[PDB]
């Protein structure tokens, strides 16, 4: 399955951005979806996760209520709305998918928990 990201780019501190990630194929309602970020000089780290039905969300400790993850299964797309952006948020942002085989997955935060990745989009928050 191919994951393709859009959105992102440059923004002024305190502004907002929406990222999206569209999946190929017909299995998208099977997937737990995650967003990860990779900032200059650090490894990739979890940002947000959402269950296959959208019933459960999960946010890293640095989100602090600022970002919303959402999905539209009828468009094969997961979204990350990012508000009140800080320069600390500058990073390459990745989409990722993992199949919820048991139907009960409510969080997935490890780099090794996902098998398919989007290409990464640069997000830059300027002072």
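Positions refer to the first chain, counted from 1.
For the higher mean C-alpha B factor in the entry, choose 105-113 or 18-26.
The stretch with the larger mean CA B-factor is 18-26.
Residue range whose averaged C-alpha B-factor is higher in the record, 60-68 or 94-102:
Per the PDB record, 60-68.
Place residue 125 in the lowest, middle or highest third of its chain's C-alpha B-factors, as listed in the PDB entry.
For residue 125, the deposited C-alpha B-factor lands in the highest third.
Place residue 51 in the lowest, middle or highest third of its chain's C-alpha B-factors, as listed in the PDB entry.
It falls in the bottom third of the chain.
Record-listed C-alpha B factor of residue 80: chain third:
CA B-factor rank for residue 80: middle third.
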